[PDB]
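One chain follows as structure tokens, the form deposited in one PDB entry.
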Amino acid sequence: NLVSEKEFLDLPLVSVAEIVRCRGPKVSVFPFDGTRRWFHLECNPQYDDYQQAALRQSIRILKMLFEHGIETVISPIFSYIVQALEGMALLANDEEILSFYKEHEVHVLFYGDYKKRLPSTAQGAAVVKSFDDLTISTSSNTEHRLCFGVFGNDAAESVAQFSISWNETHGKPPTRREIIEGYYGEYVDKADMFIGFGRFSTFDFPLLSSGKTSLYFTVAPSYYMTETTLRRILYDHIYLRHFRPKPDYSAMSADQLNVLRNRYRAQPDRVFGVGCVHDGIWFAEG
């Protein structure tokens, strides 16, 4: 599929979705991060509704990922709380997002230790109940999958308990496939990519990470994400992360090898991830 970045970017949406459904990413993890900084810069914190402002951008981006062919999107939403709980509730009660789930035929699942960790209060109990009801009401949807992580960072103990019960009722240990399904609600393949923000770090997609998960870190908060940016990330994943023919130094020009060698020996301390702080804000050097 000999294609240039610019060309990929100029391609019509439905053509990108098609490529994506053939070459992946099939599963993308995308935590909406830096929302606080985003709000203060792109909104009016004096009057604007933080909750709704955020919700709107979440829908816009989730829509964009799905229209580009991505089957499953994993999104950690919670890794003060009254407003943290109100935001979660909006994900299962807001009419605009519910319309979005229906229109795009999205099956919404939740993962994490939220049944235990959420406050044992009226507000906490409602959120938990809202989650279960949403998974049930959107269960007829089969076009896309959306997994929201709430306390979904350390699955060890959850997998241990799930496994013990499983073996008890089946007489044998669950396969990796069954374990994934037990934790997320449905089988999901290993993440093909994770789109982070700022400081290089990833989180909350337990059991789904592999050496094959392409990692990206945006400079600007997640809500600045545009279609062009997503397509540049997609192009890198599809055409560059596993570029073929694979390198065969054994047959590279002596001149090309020399430049390469000089580059490494001159900048042996060039490391992406090493940043600098300006006014309290961390910036990746490059």
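Each form is matched to the other, and the largest set of C-alpha atoms that superpose within 1.5 Å is called the rigid core. A residue's number is simply how far along the shown sequence it sits, counting from 1. Only residues modelled in both forms are compared.
In what follows, reference is made to the form deposited in another entry, a form of this protein that is not presented.
- Only 266, out of 266, 271, 276, 11, shows a C-alpha shift of 2 Å or more between the shown form and the other one on alignment of the rigid core.
- For residue 257, the Cα coordinates differ by 2 angstroms or more between the shown form and the other one after the core has been superposed.
- Relative to the superposed core, just one shifted segment between the shown form and the other one, defined as three or more consecutive residues with every Cα moved by 2 Å or more, spans 245 to 266.
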